[PDB]
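Student:
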Amino acid sequence: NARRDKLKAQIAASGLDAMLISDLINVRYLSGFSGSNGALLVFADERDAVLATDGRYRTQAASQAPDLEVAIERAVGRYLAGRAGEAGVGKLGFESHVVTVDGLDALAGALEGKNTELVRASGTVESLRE
Amino acid sequence: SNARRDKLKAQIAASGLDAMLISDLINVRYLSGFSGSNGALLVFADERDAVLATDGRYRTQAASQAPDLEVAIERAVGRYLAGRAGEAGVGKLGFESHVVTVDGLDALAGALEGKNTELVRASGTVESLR
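Each protein sequence line maps, in turn, to chains A and B. Counting in this note's numbering, the first sequence runs from 1 upward without gaps. Counting in this note's numbering, the second sequence runs from 131 upward without gaps.
This is the structure:
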């Protein structure tokens with residue numbers, strides 16, 4: 001995907017190994033998925049992106065984003081942060097303009113005992129637009 | 131005096147806080163009557179009256195909807211009220227960590243830089259009164 005590939009270049013330029021996208025405008029831009037709950041994990045390297053949504057959107061994610069692995073989970077951001085930690089991501093960008101303080105605590109909890117740092121990265125996806 | 135703010139004051143004190151910043155618009159409306167699209171409310175545990183902050187669009191609206199309150203007219207309502215809490219000697223200031231973003235918290239902390247006031251998560255507090 002051309003947009004996700006442009007994002008990878010910016011992720012790498014920002015000194016990150018992956019980015020968690022939580023803003024639904026940005027999720028839609030990068031994946032084509034338009035459900036009201038969703039998050040996307042994009043890696044700096046050649047690994048493919050992972051979309052997470054809840055059960056309401058299983059069919060929709062399959063039709064809108066057939067190129068992506070889709071996880072069906074109650075807490076989509078948290079799930080993806082946990083995936084990032086398990087994938088050995090050193091620095092994981094997140095969107096501080098939309099993630100709540102409670103939400104960040106959950107992301108951090110999913111990374112306990114992993115050497116993954118959560119790094120403010122709002123603006124990274126926006127940098128790709130006109 | 132407001133019956134709703136009085137319940138909040140009792141809860142603020144029970145949680146060990148000296149005041150709480152309300153950022154959520156639905157909760158601001160519940161506690162003050164003010165229904166404008168930008169606003170925040172500072173509520174003290176002690177006998178001090180609450181302070182509403184809103185931008186200049188809403189000077190007339192706030193005065194009419196919440197006539198019992200001091201209304202501060204400010205561009206950046208969260209920063210303003212956090213600073214105000216700092217100046218009022220507030221030891222522990224609760225904030226709505228279930229809706230305040232990581233960016234939002236950064237702004238509040240910035241407003242309190244060099245002051246003794248601790249920002250304390252107060253997730254779902256107004257909602258716990260109903």
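All C-beta atoms in this analysis are idealised placements derived from N, C-alpha and C, irrespective of residue type, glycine included.
For the region 85-97 of chain A, list every residue whose C-beta sits within 9 Å of some C-beta in chain B, in sequence order.
Tutor: 94, 95, 96 and 97
Student: Identify which residue in A:113, A:68 and A:73 has its Cα closest to the Cα of residue 55 of chain A.
Tutor: A:73
Student: Is there a Cβ of chain A sitting closer than 8 Å to that of residue 172 of chain B, yes or no?
Tutor: no
Student: Taking only beta-carbon positions, decide if residue 78 of chain A is within less than 8 Å of chain B.
Tutor: no
Student: With a threshold of 7 Å on Cβ separation, who are the neighbours of residue 44 of chain A within its own chain once the five nearest residues in sequence on each side are excluded?
Tutor: Taking C-beta separations shorter than 7 Å and ignoring five residues to either side along the sequence, the partners of residue 44 of chain A in its chain run 8, 11, 12, 16, 17 and 18, following chain order.
Student: Whose CA, out of A:113, A:127, A:105 and A:77, lies closest to the CA of residue 52 of chain A?
Tutor: A:77
Student: Assign residue 157 of chain B to buried or exposed, taking buried as 16 or more other Cβ atoms, counted over all protein chains shown, within 10 Å of its Cβ.
Tutor: buried
Student: Counting only Cβ pairs nearer than 7 Å, list the residues of chain A close to residue 230 of chain B.
Tutor: 100 and 101
Student: Please report how far the alpha carbon of residue 213 of chain B lies from the alpha carbon of residue 34 of chain A, in whole angstroms.
Tutor: 39 Å
Student: Determine the extent of the alpha helix (DSSP H) in which residue 214 of chain B is found, giving its start and end residues.
Tutor: Per DSSP, the unbroken alpha helix (DSSP H) holding residue 214 of chain B starts and ends at 207-217.
Student: Taking 8 Å as the threshold (beta carbon to beta carbon), is residue 127 of chain A in contact with chain B?
Tutor: With a threshold of 8 Å between beta carbons, residue 127 of chain A makes no contact with chain B.
Student: Under three-state DSSP, which class holds residue 151 of chain B?
Tutor: Here residue 151 of chain B sits in strand by DSSP.
Student: Along the chain, which unbroken stretches of the beta strand (DSSP E) at least 3 residues long are found entirely within the region 131-211 of chain B?
Tutor: 149-152, 170-174, 181-184 and 200-203
Student: At a cut of 8 Å, does the region 246-259 of chain B reach the region 116-125 of chain A through at least three beta carbon pairs?
Tutor: Touching, no.
Student: How is the alpha helix (DSSP H) around residue 240 of chain B delimited, first residue to last?
Tutor: Taken as a continuous stretch (DSSP letters only), the alpha helix (DSSP H) holding residue 240 of chain B covers 232-241.
Student: So what's residue 248 of chain B in DSSP terms, helix, strand or just coil?
Tutor: strand
Student: Kindly indicate the opening and closing residues of the beta strand (DSSP E) around residue 224 of chain B.
Tutor: 222-225
Student: Give a yes or no on whether 8 Å exceeds the smallest Cβ distance from residue 145 of chain B to chain A.
Tutor: no
Student: Could you check whether residue 96 of chain A and residue 232 of chain B sit closer than 8 Å to each other, using their CB atoms as the reference points?
Tutor: Against a cut-off of 8 Å, the Cβ pair of residue 96 of chain A and residue 232 of chain B comes out as a contact.
Student: Restricting to Cα atoms, I'd like to know which of A:75, A:66, A:14 and A:69 is closest to residue 37 of chain A.
Tutor: A:75
Student: For residue 253 of chain B, which three-state DSSP category applies?
Tutor: coil
Student: Once you ignore the five residues that flank residue 222 of chain B on each side, which residues in its own chain have a CB closer than 7 Å to its CB?
Tutor: 146, 147, 148, 248 and 250
Student: Report the neighbours of residue 205 of chain B on chain A: residues whose CB is nearer than 9 Å to its CB, in chain order.
Tutor: Ordered by position in chain A, no residue passes the 9 Å Cβ test against residue 205 of chain B, which lies about 18 Å from the chain.
Student: Using a C-beta to C-beta distance shorter than 9 Å, which residues of chain B count as neighbours of residue 120 of chain A?
Tutor: Result: 232, 233 and 236.
Student: Going by C-alpha to C-alpha distance, which of B:243, B:180, B:201 and B:181 sits closest to residue 188 of chain B?
Tutor: B:201
Student: Under 8 Å, do residue 170 of chain B and residue 152 of chain B count as touching if we go by C-beta distance?
Tutor: yes
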